[PDB]
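Asker: In the deposited numbering, the protein residues as written are 1 to 763, 925 to 1002, 1074 to 1368.
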DNA sequence: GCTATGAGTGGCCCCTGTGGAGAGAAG
DNA sequence: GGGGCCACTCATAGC
RNA sequence: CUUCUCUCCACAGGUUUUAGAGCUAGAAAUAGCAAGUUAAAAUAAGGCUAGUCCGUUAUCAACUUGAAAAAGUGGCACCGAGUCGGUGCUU
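#1: Starting from the Cα of residue 758, find the closest Cα among 1291, 143, 999 and give me that residue.
#2: Short check: CB of residue 1286 to CB of residue 1312, under 8 Å?
#3: How is residue 586 classed by DSSP in three states: helix, strand or coil?
#4: Could you check whether residue 1181 and residue 1172 sit closer than 8 Å to each other, using their CB atoms as the reference points?
#5: So residue 1123 and residue 1113 are supposed to be a Cβ contact under 8 Å. How far apart are they, rounded?
#6: Closest by CA to residue 736, which one among 1352, 1271, 1115?
#7: Rounded to a whole number of angstroms, what is the C-alpha to C-alpha distance between residue 161 and residue 78?
#8: Quick test of your reading: residue 1374 and residue 992, contact by CB under 8 Å. State the CB separation rounded to the nearest angstrom.
#9: Please state whether DSSP places residue 495 in a helix, a strand or coil.
#10: Can you give me the Cβ contacts of residue 1104 inside the same chain, cut-off strictly under 8 Å, excluding the 5 residues immediately before and after it?
#11: Is the segment 945 to 953 touching the segment 982 to 991 in the sense that three or more CB pairs, one from each, lie closer than 8 Å?
#12: Among 387, 93, 1190, 358, which has the Cα closest to the Cα of residue 374?
#13: Using 8 Å as the threshold, is the segment 167 to 175 in touch with the segment 399 to 417, meaning 3 or more CB pairs across them?
#14: By Cβ distance, which residues of its chain are closer than 6 Å to residue 997, with the 5 residues on each side in sequence left out?
#15: With a threshold of 16 other CB atoms inside 10 Å of the CB of residue 754, please say whether the residue is buried or exposed.
#16: Taking residue 732 as the reference, give the member of 54, 23, 35 with the closest Cα.
#17: With a Cβ-Cβ cutoff of 8 Å, do residue 1290 and residue 1348 count as a contact?
#18: Can you name, in chain order, every residue of its own chain whose Cβ lies under 8 Å from the Cβ of residue 1161, other than the five neighbours on each side?
#19: On the three-state DSSP scale, how would you describe residue 656?
#20: For a test of the three-state rule: what should DSSP assign to residue 62, helix, strand or coil?
#21: Using DSSP's beta-bridge definition, name the partner residues of residue 1141.
#22: Using alpha carbons as the reference points, say which of 1345, 1339, 1293 lies closest to residue 1324.
#23: For residue 122, collect the residues of the same chain with a Cβ closer than 8 Å to its Cβ; drop the 5 residues on either side in sequence, then sort them by chain order.
#24: So, do the segment 45 to 53 and the segment 1078 to 1098 have three or more beta carbon pairs nearer to each other than 8 Å?
#25: Can you give the Cα-Cα distance for residue 265 and residue 166, rounded to whole angstroms?
#26: From the DSSP secondary-structure annotation, give me the bridge partner or partners of residue 49.
#27: Can you round the beta-carbon distance between residue 1355 and residue 405 to whole angstroms, since I take them to be within the 8 Å contact cut?
#28: Considering only C-alpha positions, which residue in the set 509, 316, 428 is nearest to residue 658?
#29: Should residue 1238 be labelled buried (16 or more other beta-carbon atoms within 10 Å of its own) or exposed?
#30: Tell me, to the nearest whole angstrom, how far the beta carbon of residue 842 is from that of residue 591; I am working on the premise that it is less than 8 Å.
#31: Flag residue 322 as yes when its Cβ comes closer than 7 Å to any non-hydrogen atom of the ligand FMN, and as no otherwise.
#32: Does the segment 538 to 550 come into contact with the segment 497 to 504, if we say contact requires no fewer than three beta-carbon pairs (one atom in each stretch) closer than 8 Å?
#33: Is the CB-CB distance between residue 452 and residue 481 below 8 Å?
#34: So residue 449 packs on residue 401, CB below 8 Å; how close in whole Å?
#35: Using a 10 Å radius around the Cβ and a threshold of 16 neighbouring Cβ atoms, would you call residue 18 buried or exposed?
#36: Ends of the beta strand (DSSP E) at residue 635?
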């Protein structure tokens, strides 16, 4: 007989609970065949379980690593281009200079040339290091000196600037010369007073330098400066100028009574064009005011970056660096003097001991500046004469280095200015510097646009660039080779959705005219109007809709019901009183794009001509796709003969954002085979039918619907791995859903391939995705009317109902005891779901007894999914060289004993190998049987040829047939039922689960929440009395933990510590005792051992660091549900 | 008895921070 | 949070 | 309206080895003194499809077919419950 059965599921991020129950809520038990070479031929197991797995990972880390790799490759290529430029002239001076630079990492033994890189002789190297203590001294020397310098110093300065070219967050031109705040503020005030003599501003006595350069937010500084100026407001014209000078985006619409918004921001790429537009409307007499404001903004921005302006030089950054160096020297001398004068004993600690956070640890050690200040501040406070030192410490300027974390705010314009100064001064002697100055400035300033992406020849899955030619892309011919416009189009396109109705079609922009007309006609479709003498409301005719649109929508931005009534029904149709239903106050759809185009083009006939629909759609698409105005102008140039220069310039100014939901081929692309009208045409006029879009698509008579179902095809692949990958959510939930699908498939396979009556799920849109997938796979048969026969009911509940069911009938849940709660929740969800569904398409004693029996079952199939670990080869921290064989070489020729390297590799999976190993100085062969961990790095070589890989490690005569793949969490069974999971090649994990009786679980749950019960006072008192009467369960729980520990955990030290700790705290309050005992299950939990705290005692974790014991145990392969399993006894393998 | 070796135990180790642009769904 | 690594102590086989 | 997910563009550090002649007294251990701020190269081993590209996401119990994708392989009922046991039928 086909037994009716239901499946309950519980899907989480780390688990998939599953339970199969029959109509009477009893979980069936079946006898399963066991394969392998053991004596256990058949095993009885209840059909209930839980699948556990590691949480899924987001692709953020891989993306960050890939972006970093591209950055590093491109920086290397910049240095290579500079060396290629300098190659011809360097060969005449020193041919081996570049080779010496490259080999600076190798030790003296491994170098092919002389060890000193710059000059190749110690005398000149020492002379250079004495003359220029830091690279900034060399940079300033080249900036200020007019003498012919060595080409090597020029190369060093240029390479240092190119390699560390600073940020690009401030596009435009930045002038370090106007770096004084007060003078430019005074000039701006004077210009404003000259332009506004009737309202002069008194700026006398106001310290602009302090207020504008203070370490406060932009708005606070703006409010502070305005507060010092009588009669001025932060919303005034001068207030807006100051806000612009502080890096805000002030609005000048109110200051000049403009019709449209006038917002200016210097950091934007379009400050110049917006400022020009503002001047074109308010006059060019205000240009000097904006120039002065821009100069003041530059001064404010560069005040922090560069600090010295008194001297006449073109390298302010180098001057500031040298000032930091000199201040550090002076402070170090003073500090040494004071320490040696007052605290001689601490001199060794501060200036010699690298392990501490003193100066020695600050320079040669790894101590940070913050740590150094923390260490030195109490010492300085204990000595006299440290007032200046304390003040500098409070400002984060004492003994400061030159390469700190604050250098992230240096714009690339400073570096470009220094580069240009050096090139200009040194080009008088070197013609190749004169000829190639533009190339060098390009190399420093060239940056791949964000919308072009990686420059690949198709062999990359991340690349969307289109190439005009096949030449190699270089920064000098980037514009000629890479089609920027097509690349921007593809960049925007690939991220937008396909149409829901047609998966092939691309969606239209939101502000397209066709979409707006479609929405307007759809809204007017359902509008009803009632006039005097009319018995029933009537729909608007096509002529009426056309007249209404032409008279109101094309003339008013927003159309209301009152406007319609007063303007069309009363004026045109002569209806004095009309009642309108379907629209409450105003129409949702509006022709904003049409109004904008009428304002710009100023030609209504051009907009209203049907032949111009394609041109207008293309123009709107161009406006929405592109952000750079040059691309917009280039593409709109095709229409230059249709619009004048002013119109073309104005069109270059409007930008649209957002995309629609329906494609053009849907609304106005497909045509009816019988009538030839498109959906838009039907909305314009459909006779008495007046069908809206929903009515048109659902209407069977119209060809559009069946042409739509014919347009969709069954997705190749798709269902299976691909379809779940296309859902909306974190990849963790995708992994969970795929595991749930496989669990259900295997359960169907188990029950004789008879599909279940019901499938109950709880975890809502992701719930909808799971339900759709399950229903799609289960139901595949259609009736004679092509209606899908729902043989399986996919029913979705919410966890609140099951939680209330648990709380009402005392089926309590404690997560820390074991992993059975997943299976129990699946079973209870199945019970409640089936009861509710059969009740709305339950004997008390018998059903409740069945539930008690099920929840007290000891045998639940908990399965840990075996996973081949992948990821990074090892830890990324590079360690100092040591005499150890466990270091990993960062390059093929870099011996870790000399250069250091990586450490702690991660093992992908282990292999059991039976072979012979030479041991001892006698090199005698001995048979071995052990686990060798194949690292992630060596995985490819091992899978390529395991025999050679094993021979290279010293194994001889390898038995190929016995090589067993053992991924992580492989399960081994040992004597007395003790089980261990393979954590790695040399560590194990606990594999057994504690099965407490439900009475102890109930007692623990009631005791832990003794003062947190949520219920009636009588029920709370009854539960409290139940807890108090059953205090002896605590001893029983401890005894059972001890028994299970002695049986499978083998933690004698930890167990004795726990037992002693319990004995000392045996008088603690019952709630505290239970709360602390719940921690003790951390000893017996499945998985990796972990530390835990029991009252005031901390128990360290017990790690199983030996895998020799499992080499003679039983290997268990478990299927995804744990029902089908193959047992292999390893002790019988490798026998002599 | 000495030497080199494996096995158990306790403790320490882990790359980080920021800006800009675009697109999508889900509540 | 969890596996890798090292320093220290103690049987342990072999000489 | 935001959060989250995906993709591209850049920056600043960090670590590693090497260069920046250490001096004096002593046979040496060692003790005293002087100096400290910077720079070059690498930043997953490398791969071929030779690009200013790609290399940490996702997927993966065992056996048979295959290069892989992928397909196939395991009796039922009843009585009980400490990780599942027993009995009958089929066999």
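Backbone N, C-alpha and C define an ideal beta-carbon position, used for all residues, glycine too.
Answerer: Considering the structure as presented:
#1: 999
#2: no
#3: strand
#4: no
#5: Not confirmed; about 14 Å, so no contact.
#6: 1352
#7: 11 Å
#8: No answer is possible for residue 1374: it lies beyond the span of the chain, which begins at 1 and ends at 1368.
#9: coil
#10: 1138, 1168
#11: With a cut-off of 8 Å, the segment 945 to 953 and the segment 982 to 991 do not count as touching, because too few Cβ pairs lie within range.
#12: 358
#13: yes
#14: none
#15: exposed
#16: 54
#17: no
#18: 1144, 1145, 1146, 1343, 1365, 1366
#19: coil
#20: helix
#21: 1166, 1199
#22: 1293
#23: 116
#24: Three or more pairs of CB atoms, one per stretch, sit closer than 8 Å, so the segment 45 to 53 contacts the segment 1078 to 1098.
#25: 22 Å
#26: 18, 1093
#27: About 57 Å separates the two Cβ atoms, so there is no contact after all.
#28: 509
#29: buried
#30: No coordinates exist for residue 842 in the structure shown, because the numbering of the chain passes directly from 763 to 925.
#31: Among the components of this structure there are no ligands whatsoever, and the ligand FMN is therefore not found.
#32: no
#33: no
#34: Contact between residue 449 and residue 401 fails: their C-beta atoms lie close to 35 Å from each other, not under 8 Å.
#35: Classification for residue 18: buried.
#36: Where residue 635 is concerned, there is no enclosing beta strand (DSSP E), although the alpha helix (DSSP H) it sits in stretches over 629 to 636.
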